[PDB]
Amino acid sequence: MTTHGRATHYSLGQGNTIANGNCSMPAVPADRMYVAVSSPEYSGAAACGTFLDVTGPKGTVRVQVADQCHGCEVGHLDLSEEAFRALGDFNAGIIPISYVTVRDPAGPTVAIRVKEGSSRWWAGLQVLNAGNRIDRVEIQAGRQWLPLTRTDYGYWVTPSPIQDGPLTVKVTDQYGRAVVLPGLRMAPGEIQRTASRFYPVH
């Protein structure tokens, strides 16, 4: 459904390679098109990684959900300065908008980043380029799949110690589509590439 509301602007700045915004993105988007959303819409970070098509006075742009705006009511987006300028007059401070969450946004293959400080005792995993909301992230333990816990900062974490070796992870999106990612290394901070996608390229 389309949400009708308003936008203000802010900036994460140029950022870093560790954690940008409440979603802890590996980078600020190169095009600087990102948005912080209300706490309900952030949904305990379940909205992290998703995209919104936002229409304002000047037209329509796409922004990555990057962050949480605690003071934004539902329907109020805190856009990047760049996204704001593309849609309206910067000095207006606030502009009327309408927006939708993009289904299957065009994107690269799924990637995985292990959190700094992770080990066999405790680890966080971040799922990059899923495109849509992720419902479950599980690590193989023999015949079973052990569920990781969704944090409110864009990672999924181990409830209990895991093995001292290669990791197989299954990620299931909100539409029930799953990818299985084998051979993942306990390599904190590194973005590990895969060949896997939730949906074909168009």
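In case it trips you up, residue 1 is the first one in the sequence shown, and so on.
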140 to 148 set against 52 to 60, stretch whose average Cα temperature factor tops the other in the entry: 140 to 148
Taking the deposited Cα B-factors and averaging over 77 to 85 and over 117 to 125, the higher mean is found in 117 to 125
Residue selected from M33, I162, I134, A66 by maximal Cα B factor: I162
Check where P26 lands among this chain's C-alpha B-factors and tell me if it's the lowest, middle or highest third. middle
Could you look up the Cα B-factor of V180 in the entry and say which third of the chain it sits in: lowest, middle or highest? middle
Could you say whether, by C-alpha temperature factor, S98 belongs to the lowest, middle or highest third of its chain? lowest
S43's Cα B-factor: lowest, middle or highest third of the chain? middle
Give the position of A92 by CA B-factor within its chain, expressed as the lowest, middle or highest third. highest
